[PDB]
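Asks: pasting the first bit of my complex, frame unchanged:
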Amino acid sequence: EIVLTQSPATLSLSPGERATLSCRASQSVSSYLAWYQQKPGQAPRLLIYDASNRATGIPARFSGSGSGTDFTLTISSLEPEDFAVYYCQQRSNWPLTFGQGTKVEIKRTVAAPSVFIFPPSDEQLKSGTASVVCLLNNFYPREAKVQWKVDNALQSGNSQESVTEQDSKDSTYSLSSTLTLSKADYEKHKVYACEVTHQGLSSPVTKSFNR
């Protein structure tokens, strides 16, 4: 019945840095407080139980401490694989309450994207729809501007991008921009351009093809 207020909501730190994650309770829970690690698309993985006690199998770098209302999870020296959300939770009074989580991002050095472009397939053209896919591969940071030009004309409101979850090995993101237009629109115009602005580039990079 006691709400938990985890802080900070997000933490971005480089490999080898100490990470300190806080969990605050509106009402005492004495020592009944737990810690879990969840990576993208996986089950949670318990870390600490009873505020201070490391759970079986959990490496040396994770630790816990606290009693009363203020609690602390620490990762002594961050690893590229520690990219995850981290949850606190209390079990004193009913109902059982979890914390909202702390998202941990790994802050590597600037990596420029590799840019590819993909003309819609012949299989797809039979249906009457044309998807033009631009790929920004292995870049950091996440912030990247993608611009669609068709015969040097700016596209607007016909593109959707998605970003992969951080790569647990090299900490980079990849980005997929798909331009969606009709079969007829794709054949009235000739040149298909994907322009990319990123911190890692000294100038914007345009990848393009002729239909």
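Replies: Structure received. Numbers count the residues shown, from 1 in each chain, chains lettered A, B, ... in the order given.

Asks: Most remote residue from the middle of chain A, which is it?
Replies: residue A:188 (37.8 Å; Cα atoms, centre = their mean).

Asks: the helices in chain A, which residues?
Replies: Using DSSP state H, the helices found in chain A span residues A:122-125, A:183-188.

Asks: now, of these, which is deepest in the fold?
Replies: Highest mean neighbour count of the helices of chain A: helix A:183-188, a mean of 13 (counted as mean count of other Cβ atoms under 10 Å). In this view, the C-beta of every residue, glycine as well, is placed from N, C-alpha and C.

Asks: ok, the most centrally placed residue in chain A - contacts?
Replies: The centre of chain A sits closest to residue A:165, judged by Cα atoms, centre = their mean, with a distance of 4.2 Å. Contacts for residue A:165 were tallied using Cβ atoms under 8 Å, 6 or more residues apart in numbering; they are A:40, A:41, A:83.

Asks: I'd like these laid out as TSV, including distance to residue A:199 and neighbour count.
Replies: Conversion of these to TSV gives the following (distance: Cβ to Cβ, whole Å; neighbours: other Cβ atoms under 10 Å):
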residue	distance to residue A:199	neighbour count
A:40	23	11
A:41	28	6
A:83	20	18
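
Asks: for those, which one is nearest residue A:194?
Replies: residue A:40 (25.9 Å; Cβ to Cβ).

Asks: Contacts only, for the closest one.
Replies: A:165, A:166.

Asks: distance of it from residue A:128?
Replies: 35 Å (Cβ to Cβ, to the nearest Å).

Asks: what does stretch A:178-196 contact?
Replies: A:113, A:115, A:117, A:119-120, A:125, A:127-134, A:136, A:144-153, A:155, A:158-161, A:177, A:204-211.

Asks: To clarify, my last question referred to stretch A:68-81.
Replies: Contacts of stretch A:68-81 (Cβ under 8 Å, 6+ apart): A:13-30, A:33, A:35, A:47-48, A:51, A:60-66, A:82, A:86, A:88, A:104, A:106, A:108, A:168-171.

Asks: Can I get it in CSV, CA atoms only?
Replies: Taking Å, rounded to 0.1, in the frame of the first residue of the first chain, the C-alpha atoms of stretch A:68-81 are listed here in CSV:
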residue,chain,number,x,y,z
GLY,A,68,13.4,2.8,6.9
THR,A,69,12.4,5.1,3.9
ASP,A,70,15.6,5.6,2.0
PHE,A,71,17.4,2.8,0.0
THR,A,72,20.2,2.4,-2.5
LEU,A,73,21.4,0.2,-5.3
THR,A,74,24.9,0.6,-6.5
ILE,A,75,26.8,-0.7,-9.5
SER,A,76,30.5,-0.1,-8.6
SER,A,77,32.0,-0.2,-12.1
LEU,A,78,29.5,-0.2,-15.0
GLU,A,79,29.7,-2.7,-17.9
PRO,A,80,28.4,-2.3,-21.4
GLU,A,81,25.9,-5.1,-20.6
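
Asks: Buried residues of that stretch, list them for me.
Replies: A:71, A:72, A:73, A:75, A:78 (16 or more other Cβ atoms under 10 Å).

Asks: The first one and residue A:115, how far apart?
Replies: Just to be clear, that refers to residue A:71. 45 Å.

Asks: attach chain B to the model above:
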Amino acid sequence: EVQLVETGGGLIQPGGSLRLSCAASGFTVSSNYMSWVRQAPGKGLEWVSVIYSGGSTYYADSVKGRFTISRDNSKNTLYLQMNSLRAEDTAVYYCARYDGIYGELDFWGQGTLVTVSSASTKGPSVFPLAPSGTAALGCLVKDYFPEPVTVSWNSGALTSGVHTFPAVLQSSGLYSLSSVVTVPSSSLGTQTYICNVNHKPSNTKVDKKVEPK
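Replies: Putting chain B onto the chains we already have gives this:
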């Protein structure tokens, strides 16, 4: 070696019912406090139901009266029977062991996605992403409902250097996705690259060979 397998997850109509199974190993369900935990997409973890060692059952006020947590002592399998399902119930469901004193949720099931929507199932189209020093090639899994699709390469052989992007929801009401995998350019001629798209809700299972254009 504790192993918790889950089954039952998928698409159900609002108002409908759905049962989930969590087969156990390495301990005894009967004597342990057991739990169902759910997680809505893009959100935190919500406790659903606890079943005590003594048989007492406690539920979150959200599921109270609609869900029954029950244990099958003989089978080792554990169940969550859901009723009166709503969109708010869409979530990945987890079975996990609850400690009575102050202990641990030590083991967890892999989780099983439950989608509560009245929209009909639609199988995806699988279009090739044509490769043209280093080559990028993929498959476009377009127009499907609901999630998920499992995209593999070469029957789970080509697992290294693959990016299968999180699915975006198109205005149409259907999901779309792309899956890329960078490969040595020298192996374009010899090694053939095939994506395997499996979508359980529509029972679709497309194999698509991708060749350079």
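
Asks: Could you re-examine the contacts of residue A:165 with chain B now present?
Replies: The neighbours of residue A:165, taking Cβ atoms under 8 Å, 6 or more residues apart in numbering or on different chains as the test, are A:40, A:41, A:83, B:166.

Asks: now the residue of chain B most remote from its centre: how far from chain A?
Replies: Going by Cα atoms, centre = their mean, the residue of chain B most distant from its centre is residue B:133, 36.6 Å out. Distance of residue B:133 to chain A, given as Cβ to the nearest Cβ, to the nearest Å: 11 Å.

Asks: about what we covered before: now the two most distant members of the contacts of residue A:165.
Replies: The farthest-apart pair in those, when distances are taken by Cβ to Cβ, is A:83 and B:166, at 15.0 Å.

Asks: which secondary structure element contains residue B:163?
Replies: Element membership for residue B:163, per DSSP states H and E: strand B:162-164.

Asks: What residues sit buried inside that strand?
Replies: With burial defined by 16 or more other Cβ atoms under 10 Å in any protein chain shown, the residues of strand B:162-164 counted as buried are B:162, B:163, B:164.

Asks: contacts with chain A among those residues, please.
Replies: residue B:163 (Cβ under 8 Å from any Cβ of the partner chain).

Asks: Give me the domain ranges for chain B.
Replies: The record's domain parsing of chain B by curated CATH domains lists B:1-118, B:119-213.

Asks: any idea how far the longest one is from the chain center?
Replies: So that's domain B:1-118. 14 Å (Cα atoms, centre = their mean, to the nearest Å).

Asks: Is chain A within reach of it?
Replies: Yes - for domain B:1-118, a contact with chain A is found by Cβ under 8 Å from any Cβ, at B:37, B:44-47, B:50, B:58, B:60-61, B:94, B:99, B:102-106, B:108-111.

Asks: what about stretch A:150-169, start to end distance?
Replies: 36 Å (Cα to Cα, to the nearest Å).

Asks: Hmm, I typed the wrong one, I wanted stretch B:37-55.
Replies: Where stretch B:37-55 begins and where it ends lie 18 Å apart, using Cα to Cα.

Asks: residues touching the closest residue to residue B:104 other than its chain neighbours, list them.
Replies: Closest residue in space to residue B:104, ignoring its immediate chain neighbours: residue A:49 at 4.6 Å, by Cβ to Cβ, 6 or more residues apart in numbering or on different chains. Going by Cβ under 8 Å, 6+ apart, residue A:49 touches A:34, A:35, A:55, B:99, B:102, B:103, B:104.

Asks: Of the buried residues of strand B:162-164, which is the nearest to chain A?
Replies: Taking Cβ to the nearest Cβ as the measure, chain A sits nearest to residue B:163 out of those, at 4.9 Å.

Asks: quick revisit: mind checking how far the residue nearest to residue B:104 is from residue A:22?
Replies: 18 Å.

Asks: swap in residue A:180?
Replies: Counting by Cβ to Cβ - residue A:180 and residue A:22 are separated by 44 Å.

Asks: now residue A:63
Replies: 14 Å.

Asks: coming back round to it: okay, and which of the residues of domain B:1-118 next to chain A map to helices?
Replies: Among the residues of domain B:1-118 next to chain A, no member falls in helices (DSSP H).

Asks: Just the buried ones out of these, please.
Replies: B:37, B:45-47, B:50, B:58, B:60, B:94, B:99, B:102-106, B:108-109, B:111.
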